[PDB]
Amino acid sequence: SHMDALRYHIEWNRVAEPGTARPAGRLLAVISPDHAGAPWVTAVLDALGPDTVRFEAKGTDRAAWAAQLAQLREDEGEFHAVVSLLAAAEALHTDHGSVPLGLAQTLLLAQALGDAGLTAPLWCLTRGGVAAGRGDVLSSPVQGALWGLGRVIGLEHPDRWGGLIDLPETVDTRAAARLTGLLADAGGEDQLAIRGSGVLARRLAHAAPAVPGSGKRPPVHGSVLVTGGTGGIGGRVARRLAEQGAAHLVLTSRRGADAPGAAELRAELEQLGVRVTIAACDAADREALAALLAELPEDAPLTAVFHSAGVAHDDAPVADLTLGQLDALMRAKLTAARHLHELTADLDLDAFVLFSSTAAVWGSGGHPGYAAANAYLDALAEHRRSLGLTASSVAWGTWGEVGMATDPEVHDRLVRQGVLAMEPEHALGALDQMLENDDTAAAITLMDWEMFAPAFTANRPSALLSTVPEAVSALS
Ligand SMILES: NC(=O)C1=CN([C@@H]2O[C@H](COP(=O)(O)OP(=O)(O)OC[C@H]3O[C@@H](n4cnc5c(N)ncnc54)[C@H](OP(=O)(O)O)[C@@H]3O)[C@@H](O)[C@H]2O)C=CC1
């Protein structure tokens, strides 16, 4: 079906064992000095060997690091690669409460390496930031955010980007040899997980065609919370939920009843018989969320959350993005979804659906902050599944008709790269397929691969797309 054809899935496939020799030239290891204690960090430093140069990235000071890096580069001459262990800094930045320190520091490292003219490829290491292989547990959604940023650094600075590697919980000599082997030569891969069974690499595939009933989706009932519910996609989702028998929709946004279109939306929904509550509630405000949940009826408990809150504006290239900009992009995604997770972890929800983006699937130049924010959502859904809780993450492509991409400027950008505008009914029908399957993660996007693949891969290859036959054909 056409709706099937919108759905894609990230998978992890086995790739080659790397060679046995460590890099010939010198590595530069980058450590977050207040977050250098984790076992995997010590194991990686041990694996890189004592000739590896160490740079402690203190605080968040681009200009200072640029100067310190420039000095290292003059002394040592060309490095073979830069190996970042900054991801281990999960604590929130003191000045930017939605930004994990390691994410902030990774952005500033990519900036400062450019400033100082270090050209060695940057590798960003994580531990538990992806779910790769069977029964794999994504233990750190925070580090998962950093894959969204990385993929964009690979699009904006392909010539000085190495890639991303997730380490296993215990980095034994085999795992260590896979790491140092990859640093010597990564066989055209750049999104990698090292596991007990071997090295895996990230792949995009067409999803399995829809099987009704397979995931045992319960009938829509009770109260359903749609954050950003007065927005473009949120309002169409609310409508669909109303058509499918929700008793009570709770729609939130910062503007609430003052949102553009809110009265027309309420009236459309109420015609269907549904009880409607529209609340002004910043999704990153934990106290406000708790007050909202405490208000719910005895006879209309929360059954589902659809997290549609989000902004994409005021992003910037990796070279330019500020921490203040990053914070504002993370807020409705990382901070809000964390709250939603924590305050609903006990409620035994039927659905907990996070609205992500293709920006986090493959990356989009100009949108590092948004890619990171959405990559957190994808990672949080996997994490929640490991806890035995329901979750999904839907990475939308471009929507037609309502929502963000109904600015000519942004719409014009996306469709020219081959990420075409979906009809809302098609997008929603594909989401219903995903929910009926009870899939954890999907991209739902209308693609022209003949446009997208050759453009996306102009500056470096994408192993990611080798498992999409239309992309392979477009490159032939
Ligand atoms: N449209 C598209 O093509 C795509 C959209 N997406 C994602 O889908 C979701 C919906 O997008 P769309 O409907 O198009 O965009 P809209 O701008 O139409 O809707 C976004 C909604 O989120 C609300 N919002 C923003 N920040 C907050 C906050 N801090 N707290 C609570 N509400 C917030 C907005 O209201 P207010 O300003 O009043 O808070 C608005 O209701 C977003 O998360 C977006 O990233 C992903 C890929 C593609």
# chains A, B, ... in the order shown; residues from 1 in each chain; ligands from 1
>>> residues_near_ligand(ligand="ligand 1", cutoff="6 Å", atoms="only C-alpha atoms and all ligand atoms", output="ChimeraX atom specification")
/A:227-234,253-255,259,281-284,308-311,332,355-357,396-399,403-405
>>> write_last_selection(atoms="N, CA and C atoms", output="compact mmCIF listing (two decimals), in the first residue's frame")
# COMPACT_ATOMS: atom_id res chain seq x y z
N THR A 227 0.26 16.88 23.52
CA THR A 227 1.03 18.12 23.62
C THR A 227 1.25 18.71 22.23
N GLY A 228 1.34 20.03 22.15
CA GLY A 228 1.27 20.69 20.85
C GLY A 228 -0.02 20.39 20.12
N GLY A 229 -1.07 20.12 20.89
CA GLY A 229 -2.32 19.58 20.34
C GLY A 229 -3.13 20.60 19.57
N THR A 230 -2.84 21.88 19.82
CA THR A 230 -3.44 22.98 19.04
C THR A 230 -2.66 23.29 17.75
N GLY A 231 -1.49 22.67 17.59
CA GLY A 231 -0.66 22.86 16.40
C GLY A 231 -1.14 22.07 15.19
N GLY A 232 -0.35 22.10 14.12
CA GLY A 232 -0.81 21.57 12.83
C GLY A 232 -1.03 20.07 12.85
N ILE A 233 0.04 19.32 13.07
CA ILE A 233 -0.09 17.87 13.20
C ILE A 233 -0.94 17.47 14.41
N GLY A 234 -0.69 18.10 15.55
CA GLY A 234 -1.42 17.78 16.78
C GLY A 234 -2.92 17.84 16.62
N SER A 253 -0.48 23.51 24.71
CA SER A 253 0.57 24.26 24.03
C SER A 253 0.86 25.44 24.94
N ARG A 254 1.90 26.20 24.64
CA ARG A 254 2.20 27.35 25.49
C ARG A 254 1.07 28.36 25.44
N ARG A 255 0.43 28.50 24.28
CA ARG A 255 -0.65 29.50 24.11
C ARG A 255 -2.02 28.98 24.55
N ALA A 259 -4.19 29.81 21.25
CA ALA A 259 -3.48 29.34 20.06
C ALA A 259 -4.26 29.68 18.80
N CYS A 281 0.10 25.13 28.81
CA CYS A 281 0.99 24.30 29.63
C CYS A 281 2.29 24.14 28.84
N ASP A 282 3.33 24.87 29.24
CA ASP A 282 4.68 24.63 28.70
C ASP A 282 5.09 23.19 29.03
N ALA A 283 5.42 22.42 27.99
CA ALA A 283 5.62 20.99 28.14
C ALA A 283 6.87 20.69 28.95
N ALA A 284 7.73 21.69 29.10
CA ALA A 284 8.95 21.52 29.89
C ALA A 284 8.75 21.91 31.35
N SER A 308 3.50 16.06 20.54
CA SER A 308 3.64 16.83 19.30
C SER A 308 4.25 18.23 19.53
N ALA A 309 4.45 18.60 20.78
CA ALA A 309 5.09 19.90 21.07
C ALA A 309 6.44 19.95 20.39
N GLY A 310 6.78 21.10 19.83
CA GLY A 310 8.11 21.27 19.26
C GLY A 310 8.26 22.52 18.42
N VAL A 311 9.50 23.01 18.35
CA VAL A 311 9.87 24.10 17.46
C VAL A 311 11.11 23.72 16.67
N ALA A 332 11.38 21.50 24.43
CA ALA A 332 10.08 20.82 24.25
C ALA A 332 10.25 19.38 23.85
N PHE A 355 6.85 12.49 18.69
CA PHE A 355 6.98 12.94 17.30
C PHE A 355 8.37 13.47 17.01
N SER A 356 9.15 12.66 16.29
CA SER A 356 10.52 12.96 15.91
C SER A 356 10.51 13.43 14.46
N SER A 357 11.67 13.37 13.80
CA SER A 357 11.83 13.95 12.46
C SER A 357 12.84 13.14 11.69
N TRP A 396 8.79 11.87 11.43
CA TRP A 396 8.07 12.36 10.27
C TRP A 396 9.02 12.92 9.26
N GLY A 397 8.71 12.68 7.99
CA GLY A 397 9.17 13.56 6.92
C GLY A 397 8.29 14.78 6.84
N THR A 398 8.19 15.34 5.65
CA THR A 398 7.52 16.60 5.45
C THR A 398 6.01 16.40 5.42
N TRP A 399 5.29 17.19 6.22
CA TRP A 399 3.84 17.26 6.11
C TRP A 399 3.34 18.36 5.19
N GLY A 403 0.88 22.62 9.68
CA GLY A 403 2.08 22.48 10.48
C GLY A 403 3.24 23.28 9.93
N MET A 404 4.44 22.88 10.29
CA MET A 404 5.63 23.71 10.11
C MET A 404 5.84 24.00 8.64
N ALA A 405 5.82 22.94 7.87
CA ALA A 405 6.39 23.01 6.57
C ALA A 405 5.45 23.75 5.63
>>> residues_around(residues="residue 418 in chain A", least_positions_apart="2", cutoff="12 Å", atoms="only C-alpha atoms", output="number ranges by chain")
A: 397-398, 411-416, 420-422, 445-456, 471
>>> residues_around(residues="range 464-466 of chain A", least_positions_apart="4", cutoff="10 Å", atoms="only C-alpha atoms", output="ChimeraX atom specification")
/A:10-12,189-191,201-205,361-362,449,453,456-457,470-473,475
>>> closest_residue(among="A:312, A:383, A:96, A:345", to="residue 139 in chain A", atoms="only C-alpha atoms")
A:383
>>> residues_around(residues="residue 176 in chain A", least_positions_apart="3", cutoff="12 Å", atoms="only C-alpha atoms", output="ChimeraX atom specification")
/A:18,20-22,40-49,165-173,179-183,194-196,198-199
>>> atom_distance(atom1="CA of residue 154 in chain A", atom2="CA of residue 363 in chain A")
8.4 Å
>>> closest_residue(among="A:126, A:13, A:119, A:437", to="residue 159 in chain A", atoms="only C-alpha atoms")
A:119
>>> residues_around(residues="residue 315 in chain A", least_positions_apart="2", cutoff="12 Å", atoms="only C-alpha atoms", output="NGL selection string")
:A and (311-313 or 317-330 or 364-373)
>>> residues_around(residues="residue 9 in chain A", least_positions_apart="6", cutoff="10 Å", atoms="only C-alpha atoms", output="list in words")
residues 203, 204, 205, 206, 207, 208, 361, 395, 439, 440, 441, 442, 443 and 444 of chain A
>>> write_last_selection(atoms="N, CA, C and O atoms", output="PDB file, in the first residue's frame")
ATOM      1  N   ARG A 203      21.487   0.970   9.510  1.00  0.00           N
ATOM      2  CA  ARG A 203      20.928   0.816   8.165  1.00  0.00           C
ATOM      3  C   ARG A 203      19.486   1.311   8.134  1.00  0.00           C
ATOM      4  O   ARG A 203      18.758   1.155   9.104  1.00  0.00           O
ATOM      5  N   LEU A 204      19.060   1.861   7.001  1.00  0.00           N
ATOM      6  CA  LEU A 204      17.648   2.184   6.804  1.00  0.00           C
ATOM      7  C   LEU A 204      17.007   1.170   5.847  1.00  0.00           C
ATOM      8  O   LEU A 204      17.552   0.877   4.802  1.00  0.00           O
ATOM      9  N   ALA A 205      15.835   0.665   6.206  1.00  0.00           N
ATOM     10  CA  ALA A 205      15.130  -0.296   5.351  1.00  0.00           C
ATOM     11  C   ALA A 205      13.660   0.060   5.253  1.00  0.00           C
ATOM     12  O   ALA A 205      13.105   0.704   6.144  1.00  0.00           O
ATOM     13  N   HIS A 206      13.017  -0.360   4.165  1.00  0.00           N
ATOM     14  CA  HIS A 206      11.561  -0.323   4.114  1.00  0.00           C
ATOM     15  C   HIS A 206      10.986  -1.155   5.223  1.00  0.00           C
ATOM     16  O   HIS A 206      11.502  -2.235   5.528  1.00  0.00           O
ATOM     17  N   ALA A 207       9.960  -0.632   5.897  1.00  0.00           N
ATOM     18  CA  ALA A 207       9.322  -1.378   6.990  1.00  0.00           C
ATOM     19  C   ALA A 207       8.496  -2.535   6.439  1.00  0.00           C
ATOM     20  O   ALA A 207       8.061  -2.518   5.286  1.00  0.00           O
ATOM     21  N   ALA A 208       8.189  -3.480   7.316  1.00  0.00           N
ATOM     22  CA  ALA A 208       7.306  -4.588   6.972  1.00  0.00           C
ATOM     23  C   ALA A 208       5.909  -4.069   6.679  1.00  0.00           C
ATOM     24  O   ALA A 208       5.429  -3.176   7.367  1.00  0.00           O
ATOM     25  N   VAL A 361      16.860  10.990  11.648  1.00  0.00           N
ATOM     26  CA  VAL A 361      17.036   9.691  11.017  1.00  0.00           C
ATOM     27  C   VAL A 361      18.328   9.711  10.244  1.00  0.00           C
ATOM     28  O   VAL A 361      19.187   8.852  10.428  1.00  0.00           O
ATOM     29  N   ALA A 395       9.351   9.295  13.271  1.00  0.00           N
ATOM     30  CA  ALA A 395      10.182  10.314  12.644  1.00  0.00           C
ATOM     31  C   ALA A 395       9.528  10.771  11.345  1.00  0.00           C
ATOM     32  O   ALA A 395       9.634  10.125  10.299  1.00  0.00           O
ATOM     33  N   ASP A 439       5.089  -1.123  16.695  1.00  0.00           N
ATOM     34  CA  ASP A 439       6.493  -0.826  16.411  1.00  0.00           C
ATOM     35  C   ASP A 439       7.034   0.231  17.374  1.00  0.00           C
ATOM     36  O   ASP A 439       6.301   1.139  17.792  1.00  0.00           O
ATOM     37  N   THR A 440       8.307   0.099  17.747  1.00  0.00           N
ATOM     38  CA  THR A 440       8.957   1.052  18.635  1.00  0.00           C
ATOM     39  C   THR A 440       9.374   2.316  17.891  1.00  0.00           C
ATOM     40  O   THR A 440       9.307   3.411  18.435  1.00  0.00           O
ATOM     41  N   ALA A 441       9.882   2.147  16.678  1.00  0.00           N
ATOM     42  CA  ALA A 441      10.406   3.277  15.935  1.00  0.00           C
ATOM     43  C   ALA A 441      10.132   3.134  14.446  1.00  0.00           C
ATOM     44  O   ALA A 441      10.095   2.015  13.915  1.00  0.00           O
ATOM     45  N   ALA A 442       9.857   4.256  13.796  1.00  0.00           N
ATOM     46  CA  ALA A 442       9.691   4.286  12.344  1.00  0.00           C
ATOM     47  C   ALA A 442       9.949   5.677  11.843  1.00  0.00           C
ATOM     48  O   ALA A 442       9.742   6.649  12.575  1.00  0.00           O
ATOM     49  N   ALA A 443      10.376   5.784  10.594  1.00  0.00           N
ATOM     50  CA  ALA A 443      10.266   7.031   9.842  1.00  0.00           C
ATOM     51  C   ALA A 443       9.070   6.918   8.931  1.00  0.00           C
ATOM     52  O   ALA A 443       8.738   5.829   8.462  1.00  0.00           O
ATOM     53  N   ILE A 444       8.269   7.971   8.900  1.00  0.00           N
ATOM     54  CA  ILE A 444       7.117   8.000   8.012  1.00  0.00           C
ATOM     55  C   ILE A 444       7.242   9.187   7.084  1.00  0.00           C
ATOM     56  O   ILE A 444       7.170  10.338   7.527  1.00  0.00           O
TER      57      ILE A 444
END
>>> select_by_dssp(residues="range 206-438 of chain A", states="strand (DSSP E)", output="VMD selection string")
chain A and resid 206 223 to 227 248 to 253 275 to 280 302 to 307 351 to 357 392 to 396 419 to 420
>>> atom_distance(atom1="CA of residue 103 in chain A", atom2="CA of residue 157 in chain A")
17.3 Å
>>> closest_atom_pairs(of="range 2-54 of chain A", to="range 424-431 of chain A", cutoff="12 Å", atoms="only C-alpha atoms", output="JSON lines")
{"residue": "A:2", "atom": "CA", "partner": "A:426", "partner_atom": "CA", "distance": 7.7}
{"residue": "A:3", "atom": "CA", "partner": "A:430", "partner_atom": "CA", "distance": 4.9}
{"residue": "A:4", "atom": "CA", "partner": "A:430", "partner_atom": "CA", "distance": 6.5}
{"residue": "A:5", "atom": "CA", "partner": "A:430", "partner_atom": "CA", "distance": 8.7}
{"residue": "A:6", "atom": "CA", "partner": "A:430", "partner_atom": "CA", "distance": 6.8}
{"residue": "A:7", "atom": "CA", "partner": "A:430", "partner_atom": "CA", "distance": 6.9}
{"residue": "A:8", "atom": "CA", "partner": "A:430", "partner_atom": "CA", "distance": 10.5}
>>> atom_distance(atom1="CA of residue 258 in chain A", atom2="CA of residue 225 in chain A")
18.0 Å
